[PDB]
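Asker:
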Amino acid sequence: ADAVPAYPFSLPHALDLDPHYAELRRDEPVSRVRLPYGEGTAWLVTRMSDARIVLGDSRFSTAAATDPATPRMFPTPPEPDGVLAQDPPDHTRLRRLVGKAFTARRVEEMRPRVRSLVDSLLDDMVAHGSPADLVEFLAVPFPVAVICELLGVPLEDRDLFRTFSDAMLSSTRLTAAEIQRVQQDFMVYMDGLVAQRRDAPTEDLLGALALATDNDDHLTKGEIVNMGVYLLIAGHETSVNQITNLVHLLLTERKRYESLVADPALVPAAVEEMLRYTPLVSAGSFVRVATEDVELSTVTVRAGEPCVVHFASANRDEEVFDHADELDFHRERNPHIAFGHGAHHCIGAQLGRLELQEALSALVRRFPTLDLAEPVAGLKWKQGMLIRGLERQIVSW
Ligand code: HEM
Ligand SMILES: CC[C@H]1OC(=O)[C@H](C)[C@@H](O)[C@H](C)[C@@H](O)[C@@H](C)C[C@@H](C)C(=O)[C@H](C)[C@@H](O)[C@H]1C
Numbered sequence: 011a012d013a014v015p016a017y018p019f020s021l022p023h024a025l026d027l028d029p030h031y032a033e034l035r036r037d038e039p040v041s042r043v044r045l046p047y048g049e050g051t052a053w054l055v056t057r058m059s060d061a062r063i064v065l066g067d068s069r070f071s072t073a074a075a076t077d078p079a080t081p082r083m084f085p086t087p088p089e090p091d092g093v094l095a096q097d098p099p100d101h102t103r104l105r106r107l108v109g110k111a112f113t114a115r116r117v118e119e120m121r122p123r124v125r126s127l128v129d130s131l132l133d134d135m136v137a138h139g140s141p142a143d144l145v146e147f148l149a150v151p152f153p154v155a156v157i158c159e160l161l162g163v164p165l166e167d168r169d170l171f172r173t174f175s176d177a178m179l180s181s182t183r184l185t186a187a188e189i190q191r192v193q194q195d196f197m198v199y200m201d202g203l204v205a206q207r208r209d210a211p212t213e214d215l216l217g218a219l220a221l222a223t224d225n226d227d228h229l230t231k232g233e234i235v236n237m238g239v240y241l242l243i244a245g246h247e248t249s250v251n252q253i254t255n256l257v258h259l260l261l262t263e264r265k266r267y268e269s270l271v272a273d274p275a276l277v278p279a280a281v282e283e284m285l286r287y288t289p290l291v292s293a294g295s296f297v298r299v300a301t302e303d304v305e306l307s308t309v310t311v312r313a314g315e316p317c318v319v320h321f322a323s324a325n326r327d328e329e330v331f332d333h334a335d336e337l338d339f340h341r342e343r344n345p346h347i348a349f350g351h352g353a354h355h356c357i358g359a360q361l362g363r364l365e366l367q368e369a370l371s372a373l374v375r376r377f378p379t380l381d382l383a384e385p386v387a388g389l390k391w392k393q394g395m396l397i398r399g400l401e402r403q404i405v406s407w
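The sequence shown runs 11 to 407 under full-length UniProt numbering.
Here it is as structure tokens:
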């Protein structure tokens, strides 16, 4: 006895936006939806101004969305000791565990390591010679290397935590039980890695996490260990996919790649523009519940009513960006929310920006002749995961 549309609206194609988003933005920017898991209905938010209220305002709570009955985009009910499920000021204390490491200053200190590493992998890829798989030689091994040195994870457990991570970024691919099983193995594995540091500490985040275990009376082991897991998932899954998406946008209208080849200083502003353009999050968002009535553009969201944001739709608001439907690397202003907004703003924002910058610059400088060497129609996009990206990107040069 309800007539609210199912969200997501459709199964996704490549990085293509469902057109209902541009319709919704014009005519019904705040609309009711039935999310694929949990009970009941949620407001979908599709415009920037509203997005910033749902993400920004203290009267939207993510902790409140831990209730199993709360609508959600993913099978498992969310982990209460997860970062995304903390409201400030508890969220601020947790963010502070690890925050020092990810400041724009420290991340910039990594450009040299990160550059000599991208360089090394691009070597192995010219050893093997054209044509090769950009995913095998750059997209997976580069982000995986950086997060492992940063965290202090053994680069040799890659297949183990990659497996764990693909499962936990499941939308429709795996079931609640498949996923809760993987979670407990990850918890226990990550809990194991921090204990290795009990009588032998390390100069790496896992070190910091170990220290917080017996030297912080306000943070729980749940919270501390989950930070290891979430950093480790997010710290490679986002960048890996997001390199394949950037390369895909550039090579499909080769024009774009050629613009960067001429001026490898446009790379930073094109990363920011392609961060705006790309729906890396396939649909929805970690859900926020109103704790008090809150005024969005067209509706007062009531205390108890869930909302969910679509980052990529807010990034195509024509009130905020001139010619939003079009890729333009010479925009003067680009106030995108590809990295979210408010309390939960990406902690890796600066690292991901560095990782993409160094990946693209390198390609655009050493491989002028880079094209796709498989058809645009046969491209193996990852299916049934909360995030989009290619499983293989065979390139020629
Ligand atoms: C291109 C790279 C990346 C993109 C596009 C991206 C995108 C996003 C977005 C949109 C959010 C906001 C979620 C929300 O409030 O609902 C987010 C949060 C997050 N990002 Fe990323 N991300 C990237 C790289 C990274 C990296 C490298 C890490 C870790 C090293 C990371 C860790 C996270 C974490 C932990 C959060 C949640 C923090 C919190 O709850 O306060 N991300 N990311
Ligand atoms: C609804 C889709 C969202 O996924 C979720 O909420 C997931 C259940 C989270 O537990 C995932 C697995 C965590 O690792 C995140 C910290 C990863 C980080 C990159 C993001 O926050 C990301 C934008 C995320 O919010 C969305 C993909």
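Where is the CB? At the ideal position from N, CA and C, for every residue including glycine.
(1) Could you compute how far the alpha carbon of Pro46 sits from the alpha carbon of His138?
(2) Please list the segments of the alpha helix (DSSP H) lying wholly inside the region 84–135, counting only runs of 4 or more residues, in order along the chain.
(3) Can you name, in chain order, every residue of its own chain whose Cβ lies under 7 Å from the Cβ of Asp143, other than the five neighbours on each side?
(4) Within its chain, find whatever has a CB closer than 6 Å to the CB of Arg125; leave out the 5 residues flanking it on each side and keep chain order.
(5) Any beta carbon from chain C within less than 8 Å of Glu336's own beta carbon?
(6) Sort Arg36, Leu54, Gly50, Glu49 by Cα distance to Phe19 and report the nearest one.
(7) Can you determine whether any heavy atom of ligand 3 sits closer than 7 Å to the C-beta of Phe296, and answer yes or no?
(8) Could you check whether the region 54–65 touches the region 290–306, counting it as contact only if at least three pairs of C-beta atoms, one from each stretch, sit closer than 8 Å?
(9) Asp167 by DSSP, collapsed to three states: which one?
(10) Between the region 221–240 and the region 253–264, do at least 3 Cβ pairs fall closer than 8 Å?
(11) In three-state terms, what does DSSP make of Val297?
(12) In terms of alpha-carbon separation, which member of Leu127, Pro378, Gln193, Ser130 lies closest to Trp407?
(13) Pick out whichever of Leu221, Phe196, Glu146, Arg123 has its Cα sitting closest to the Cα of residue 412.
(14) Output the distance between the C-alpha atoms of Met200 and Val239, rounded to the nearest integer angstrom.
(15) Helix, strand or coil for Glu305 per DSSP?
(16) Between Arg264, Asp176, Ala205, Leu25, which lies nearest to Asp335 when the distance is taken from Cα to Cα?
(17) How many Å lie between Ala205 and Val250 at the Cα?
(18) Return the Cβ separation of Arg183 and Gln393 in integer angstroms, given the expectation that the two are a contact with Cβ distance under 8 Å.
(19) Quick check on the DSSP output: the beta strand (DSSP E) that includes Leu373 runs from which residue to which?
(20) If you compare alpha carbons, which of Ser71, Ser41, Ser269, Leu94 is closest to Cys356?
(21) Name, in chain order, the residues that DSSP records as bridge partners for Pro316.
(22) How far does the alpha helix (DSSP H) with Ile404 in it extend, from its first residue to its last?
(23) Contact between the region 334–350 and the region 273–282: three or more CB pairs below 8 Å?
(24) Tell me which residue opens and which closes the alpha helix (DSSP H) that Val145 is part of.
(25) Give me the residue from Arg298, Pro289, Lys390 with the minimum Cα distance to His346.
(26) When the Cα atoms are used, what is the spatial distance from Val318 to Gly294?
(27) Could you check what DSSP says for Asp224 in three-state terms: helix, strand or coil?
(28) Going by DSSP, what residues sit across from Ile347 in a beta bridge?
Answerer: With the structure as the only source:
(1) Straight-line measurement puts the Cα of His138 at about 44 Å from the Cα of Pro46.
(2) Taking only runs of at least 4 residues, the alpha helix (DSSP H) segments lying wholly in the region 84–135 are 100–108, 114–119.
(3) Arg402, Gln403, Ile404.
(4) Around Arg125: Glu368.
(5) Of the protein chains in the structure, only one exists, and it is not chain C.
(6) That would be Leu54, whose Cα lies nearest to the Cα of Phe19.
(7) Ligand 3 is absent from the structure shown, which contains only ligand 1 and ligand 2.
(8) Inter-segment contact for the region 54–65 and the region 290–306 is present: three or more beta-carbon pairs are separated by less than 8 Å.
(9) For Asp167, the secondary structure class from DSSP, reduced to helix, strand or coil, is helix.
(10) Contact check between the region 221–240 and the region 253–264: fewer than three CB pairs, one atom from each, fall below 8 Å, which does not count as touching.
(11) Coil, per DSSP.
(12) Nearest C-alpha to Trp407: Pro378.
(13) With the chain covering 11 to 407 only, the question about residue 412 has no answer from this structure.
(14) One C-alpha to the other measures close to 6 Å.
(15) DSSP places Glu305 in strand when its eight states are reduced to three.
(16) Nearest C-alpha to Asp335: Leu25.
(17) So the alpha carbons of these two residues sit roughly 28 Å apart.
(18) That belief holds up - the Cβ atoms of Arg183 and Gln393 are roughly 7 Å apart, short of 8 Å.
(19) No beta strand (DSSP E) contains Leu373, which is instead part of the alpha helix (DSSP H) from 359–376.
(20) Measuring from the Cα of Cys356, the nearest candidate turns out to be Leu94.
(21) Paired residues: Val299.
(22) Unbroken run through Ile404 is the beta strand (DSSP E), 404–406; no alpha helix (DSSP H).
(23) Yes, they touch.
(24) No alpha helix (DSSP H) contains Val145, which DSSP labels as neither H nor E.
(25) When only C-alpha atoms are compared, the closest one is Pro289.
(26) Rounded to the nearest angstrom, the two C-alpha atoms are 6 Å apart.
(27) When DSSP states are grouped into helix, strand and coil, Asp224 belongs to the helix group.
(28) According to DSSP, which records beta bridges pairwise, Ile347 is partnered with nothing at all.
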